[PDB]
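Structure, as structure tokens:
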4 protein chains.
Amino acid sequence: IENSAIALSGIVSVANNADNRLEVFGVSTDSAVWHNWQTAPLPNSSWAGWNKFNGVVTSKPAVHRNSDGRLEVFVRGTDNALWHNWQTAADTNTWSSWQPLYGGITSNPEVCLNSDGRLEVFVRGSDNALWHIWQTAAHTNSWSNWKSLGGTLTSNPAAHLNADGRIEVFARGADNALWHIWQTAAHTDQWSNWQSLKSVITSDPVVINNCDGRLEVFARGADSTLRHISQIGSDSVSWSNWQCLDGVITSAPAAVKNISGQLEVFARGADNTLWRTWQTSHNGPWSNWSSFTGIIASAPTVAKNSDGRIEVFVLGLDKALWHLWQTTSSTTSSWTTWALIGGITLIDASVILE
Amino acid sequence: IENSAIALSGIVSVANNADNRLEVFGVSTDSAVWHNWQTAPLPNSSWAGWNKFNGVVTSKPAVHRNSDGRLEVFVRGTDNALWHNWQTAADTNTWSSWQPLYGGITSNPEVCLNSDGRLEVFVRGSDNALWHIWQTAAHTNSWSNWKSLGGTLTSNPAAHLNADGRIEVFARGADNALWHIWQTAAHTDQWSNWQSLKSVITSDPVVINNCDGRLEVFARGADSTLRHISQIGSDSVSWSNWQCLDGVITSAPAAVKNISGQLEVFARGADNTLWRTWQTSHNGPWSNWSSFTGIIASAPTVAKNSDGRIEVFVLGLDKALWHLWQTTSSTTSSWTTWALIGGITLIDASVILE
Amino acid sequence: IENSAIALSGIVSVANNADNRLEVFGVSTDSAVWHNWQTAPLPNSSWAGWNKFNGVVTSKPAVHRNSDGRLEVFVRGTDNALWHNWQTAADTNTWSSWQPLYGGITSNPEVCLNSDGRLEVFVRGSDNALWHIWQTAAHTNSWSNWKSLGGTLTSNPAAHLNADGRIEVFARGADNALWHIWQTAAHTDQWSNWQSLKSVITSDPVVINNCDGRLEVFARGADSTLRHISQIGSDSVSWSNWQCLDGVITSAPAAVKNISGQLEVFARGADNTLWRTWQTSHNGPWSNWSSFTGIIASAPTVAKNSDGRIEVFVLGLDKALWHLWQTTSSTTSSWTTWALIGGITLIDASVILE
Amino acid sequence: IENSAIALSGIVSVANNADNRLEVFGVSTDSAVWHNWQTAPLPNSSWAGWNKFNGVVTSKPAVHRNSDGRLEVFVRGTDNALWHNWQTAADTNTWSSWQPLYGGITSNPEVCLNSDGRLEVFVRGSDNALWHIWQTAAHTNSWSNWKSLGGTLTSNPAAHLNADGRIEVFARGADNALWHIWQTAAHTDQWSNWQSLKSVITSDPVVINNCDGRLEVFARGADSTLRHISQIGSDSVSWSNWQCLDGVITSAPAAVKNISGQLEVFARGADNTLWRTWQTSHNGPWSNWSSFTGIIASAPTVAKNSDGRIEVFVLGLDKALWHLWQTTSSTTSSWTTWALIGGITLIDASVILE
């Protein structure tokens, strides 16, 4: 791999509904977004079947739950502008049509919830800068104008809340390094300058919060292995050194915090199967990678069920969505084998960033 | 103090709205519930002023946020039945009237959200058993019939989710010990038998989850000091031994998890001022108690703002509500002095359990 | 129990030799010190048999290993002065006669090794102050004059190194509180003033260092339960609050750090059997007490073998020494039942402090 | 660098005496071992001056403290056999001549103390296997015959005790991977087979024990950065995955456990200055590397003083030994600048393993 590579992305975006049922969003061969969901938040739930949103799209969709429980999806349209749709009532299959947010978008959209309930969307714009737009009232269709945060992006953005409620955004720069920018006051339009975390990355960055309130960032490195970095915390503006983990990965990573508070990461491995690693103690060292049977054709998308069980979604060799999951809430639970969520086939609609 | 004492309770119940503004509920000298709120989730926010719900009540109110962001309050009526009211839209001051849930209630109500979005209410009933009632569909006015969980209660109940989504309820028994009972499958009507945690307690129990997914229970003991106990976790059904902390307390305790992941506890101390203790490291030992200036007339009620700042509410010597808070999100932040939230005076409406 | 009680002490002092064999020292019905040892540092070792030191004594003996591996024992004589004897070669049963260190002693002696290799002995003196005496050259028979550290003692002293090499001494005061005093520079005659840790104690204090370099003190409290306190560390001069653990104990406690870095405490319980508690996680909560079969007649004395296995010594109902131990180095190892180390019977020679 | 490289070694071996004074051993331009020491275990101690052992040698010397406090040095002679010398009394400058242990040695010697007090020496032999020899009685000149442990070595060996008293040896193999072999019972001639930890290394391995009883191994990797691996512990035979830390190093690393229980590592960096990294929390992430002023000409050798202060020794550009140290015991202590321990110049006598 070249320093400017961007590892294969996940094939769906996933959210928990207000009642914690999982719901997935992808793009089919008709270039429309389709979605599917658990019919109940139970370990044996059926899935509803694939349902289409009318309209042709031109990015991977991004979904988030509003602070009033309603899911809302963001996507680039055929006009290269940002569009969104939403549940009109929480937990209900009554959706808006696609509605315009305008702009000129040159990445997949990334959505985050501010600590005051307002959704915020981050994209690369027509000038390769980071641009953003936000709800001006929590869980309302009153959106700001577009505003630039500058920079020069070469990955999709990844956004996450700090423990103190400040959004922080991570994106690869023109030097192939990881850069980041943050709100300097929680849920306010007061932002830092861009700063570099150094290190070349070859995937989009993925971010999660630890127990202790420290963000941790994962990405593939120049040598095609997973690497990670974390905030020092305790009111320091600093970050740790980077660490790599042995094992060549061949997709973006996906991180999750298990219900014991430990981090886990999933990624497609060198043999094209799903790999998993976990922290073996608090803050710990990391386990050797463990493999699940079966060749997969995307990065994993990882979620947690109502009961904490971890569930993983991937593109199969049949171009359909498959999943596996923990059979119990235990961190030592056994896992299922891949099962098909059939009814459509999927395409990787991610925006080709070059 | 006698083994059967129940330490002075908090004077309000508090919730975060969908947009994370704090909102408080208490009972005035007209025996009606009144509420007040931050007008914005900011460190300098004004408060709206006290607003009345019409209707006479006969318990402390309990508030929870639905899974669709709407606040909902539970209280005993003049008929000794359970009543509830709610926001008809998240973040909005449009409330239902008090609506009936019936029953015969002999404690304050305790409300919890299941891991599938459904509210559930626990009370002591006419026979001194634990009784419960629940939404049958998340965030809907479709409620179950009343059902008994048995037992013999001598405190108000305290309910909390386990990390795996099972509700667990704690209440003092006929022997003045702490007892508990739990869902054996997440968000299902499948419950354990009652089991004893031994130890005499002289307050209602207070429960919180740690980072690591272990519940921790706090209560005043027979010697009038704070004591605590925690789940061993890692798939064990066991709990630790009890520990007491030196320092005589004269109210119920209130616990919070700070945005660094450490536990803190607040309680009125032996000198009738607010005391605070914190874990000094991960799982740690606990700090000596620290005092805030000012004689207080209830237990503290503790909450976190949108940005993580901890805020504490108490009854003053003027019979009004006062608060203080961290001025920044830092775990070493300074604190304000008591400030008045004026406009009404409050009574302790808690049900007299004897 | 009265606040001025001092819980029953251990019946032997124990050390590891230079080759890590365990060796025990007690006083028989002839009022002489006798000793016994493992013949090899193995899980199945025989014990050598009891060997007498000639001479009548009037305290419990205290043993320490010199920095050149030789064991050295300290005891009060019939003249109320301090005496000592030593191995003349490490691991060898060639001992000096009892040799005089003079003084006037009114407690058992307590011995510690400074971080520069010099033994130091602490006693209560004729005036009830803490007095001390030390090697002036490591592992040599060149001893200082006696020097007073002042105070007013009502327990035997307990001494331990801080992580930074400063000796710290703990002893109950005239108010029945725990007090302490320390070197302010490592292995130097530069000492603090006495300071109080407050809390009444009803045993001698017992001290151990944690992994993280923080001292932790254990003692029985006024309510006859175990209590503990620890340094906050990270360059703070402070200590935590005290915590008690439920369960009435009827001897002094004995603490050990297991080879996983967690603390364990042993004590005779309310039913006169040996009880054990352990930290269940790092810094953790503490386990419920677990009991071993058999009524015992002293506090436990606890040690670790060459391989980390924990071993416990007690006075039996036959007035002889018994022991039990972990059968493997695992922190989940099984334990033996009491086994007799026969050949003599023992008396409690501890100085009657009143 | 090539996979078969072995990074520049430290220029001295160091030990603490029985009284904890530091003492260093190196080889001068006369091909003899010389030594120097602190005259007192104090922060301002003078050093004694360089003292010669007569006799020409052909490896780096290795020093250890016996279980009776006497230092003992091991070196290869002009006959390619192993020789040793020792203090005849602890803390005293009365040394034996070089005495023969025979053998045929093709690496530097590595010495470890068993958990029963017996020294043990590990070398690569004439057949490239690991060979060993040991005291048969603790701290005595009664040595075993030579015995082979097999394997094929391409680095010097590194030995360390497990928490349970079993010696474990680490060495690079014929595939340039890290391999290891261990006692299966503490301080017994019962050994495992060789097993591979995989990963190519380009230095000798360096091993330390954590607080929690888990060994951790450090080495330079194929990409010239530091990497590390640790035991999972809790009775597992497993190890973690490898992690690398960013930053190119140009010597072997040296690890230390600070008196707060956290690990630190020192190494010459890419700019030929001394670099340091530390764990920022328990088990933590690792800090960015920090540099000390001054170009150095060996790996660092790191030690701790009687009071815990960390001290580092290096070859200077003048071919003499220099050191720097923490001025206080605090983990946030300031550090001195390089100071010269003058009187001789040193050579790197390490055995050329190719």
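A note on names: the letters A, B, ... follow the listed sequences, proteins ahead of strands, and every chain is numbered from 1.
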Under 3.5 Å, which donor-acceptor pairs do the side chains of residues 293-301 of chain D form with other protein atoms, sequence neighbours left out?
residue: D:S298; atom: OG; partner: D:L315; partner atom: N; Å: 2.9
residue: D:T301; atom: OG1; partner: D:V12; partner atom: O; Å: 3.1

Worksheet entry | Validation row, ring centre D:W275 to ring centre D:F266 under 6.0 Å | no

Worksheet entry | Region of A:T280 that comes under 4.5 Å of a non-hydrogen atom in chain D | side chain

Worksheet item: Any side-chain donor-acceptor pair under 3.5 Å between A:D204 and A:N156?
Response: yes

Practice prompt. Could you have a look at D:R214, D:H282, D:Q243 and say which one has the most heavy-atom pairs with chain A under 4.5 angstrom?
Written response: D:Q243

Worksheet item: Under 6.0 Å from the CG atom of A:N193, do we count more than 12 heavy atoms belonging to anything else shown?
Response: no

Worksheet item: For A:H228, is it the side chain, the backbone, both or neither that has a heavy atom under 4.5 Å from a heavy atom of chain D?
Response: side chain

Worksheet item: Which one, D:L226, D:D223, D:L245, leads in non-hydrogen pairs under 4.5 Å with chain A?
Response: D:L245

Practice prompt. Any chance you could measure D:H160, atom NE2, to D:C112, atom SG, to the nearest 0.5 Å?
Written response: 7.5 Å

Fill in: Residue D:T277 versus chain A: region with a heavy atom under 4.5 Å
neither

Worksheet, complete the sentence: Note: vs chain A, highest number of non-hydrogen pairs under 4.5 angstrom among D:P285, D:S281, D:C244, D:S199 is D:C244

Practice prompt. Measure distances from A:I232 to the heavy atoms of chain D and classify the residue's part below 4.5 Å as side chain, backbone, both or neither.
Written response: side chain

Response to the item:
Applying a strict 4.5 Å limit to non-hydrogen atoms, the region of A:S238 in contact with chain D is neither

Worksheet item: Where is the tightest heavy-atom contact between A:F122 and A:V169, given as atom of each residue plus distance?
Response: CE2-CG2, 3.6 Å

